[PDB]
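To start, the structure itself, in structure tokens.
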Amino acid sequence: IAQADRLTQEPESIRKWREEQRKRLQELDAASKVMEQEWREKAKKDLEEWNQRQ
Amino acid sequence: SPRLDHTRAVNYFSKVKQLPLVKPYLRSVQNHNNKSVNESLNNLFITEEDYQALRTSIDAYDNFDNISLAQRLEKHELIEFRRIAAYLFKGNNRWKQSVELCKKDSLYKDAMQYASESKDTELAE
């Protein structure tokens, strides 16, 4: 079960969590930041649509 | 393309305010005769002012709401669609187009030609 491990159960253990909670980060925040400057550039995409076409 | 239902797509675009990107997505497509296609597709050619396409966009595929569609067109100033809304409402039914005229849209022109094909004789009187 048993149990009795540690120096093998915590050494790689600390690795994953730590080097993974900041390798997390990114994407999410990156997502909207960039998704922001983008979809809006879209709003003007259509906007200039209006302008010319009229 | 093959192996989408389309019906479960245009819906996500419309309530997105971004559907026109799919403009060309509707190009090689629209053979599916699907409603969301023509339906907003027209709505597109309408506010966009497209008549060549819009006209041909329906010169075959007849899957849509032959009504309200011409309702938004009549509300225009640019007769292009007030000219086709005239057609759209008449569509292989000549009686509508004429029995709906008055000062405006009384064109000394097409008005002397859309009666001819009629069958309700008396309408001549």
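All chain B residue numbers match Swiss-Prot; in order, they span 1427-1551.
According to its header, this structure was worked out by X-ray crystallography, 7.9 Å.
Even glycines carry a Cβ here, placed using N, Cα and C.
Copied over from Swiss-Prot, here are the features:
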type	residues	note
MOD_RES	B:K1441	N6-succinyllysine
MOD_RES	B:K1441	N6-acetyllysine
MOD_RES	B:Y1477	phosphotyrosine
MOD_RES	B:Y1487	phosphotyrosine
MOD_RES	B:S1494	phosphoserine
MOD_RES	B:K1501	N6-acetyllysine
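For B:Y1487 (phosphotyrosine), the spatially nearest entry among the modified residues B:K1441, B:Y1477, B:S1494, B:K1501 is B:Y1477, judged by CA separation.
For the pair B:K1501 (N6-acetyllysine) and the residue listed as 'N6-succinyllysine', the Cα-Cα distance reads 24 Å. When the Cα atoms are compared, the residue listed as 'phosphoserine' and B:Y1477 (phosphotyrosine) turn out to be 17 Å apart. B:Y1477 (phosphotyrosine) and B:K1441 (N6-succinyllysine) are 25 Å apart (CA-CA, integer value). Residue density at the residue listed as 'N6-succinyllysine': 8 other Cβ atoms are found within 10 A of its Cβ, drawing on all protein chains shown.
For B:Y1477 (phosphotyrosine), the same-chain residues 6+ apart in sequence whose C-beta sits under 8 angstroms from its C-beta are B:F1471, B:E1506, B:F1507, B:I1510. When Cβ atoms from all protein chains are considered, those within 10 Å of B:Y1487 (phosphotyrosine) total 17, not counting its own. DSSP assigns B:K1441 (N6-succinyllysine) to coil in the three-state reduction, placing it in neither a helix nor a strand. Residue environment of B:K1501 (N6-acetyllysine) contains 10 other Cβ atoms, counted within 10 Å of its Cβ in all protein chains.
Around the residue listed as 'phosphoserine', a 10 Å sphere centred on its CB holds 9 further CB atoms from the protein chains shown.
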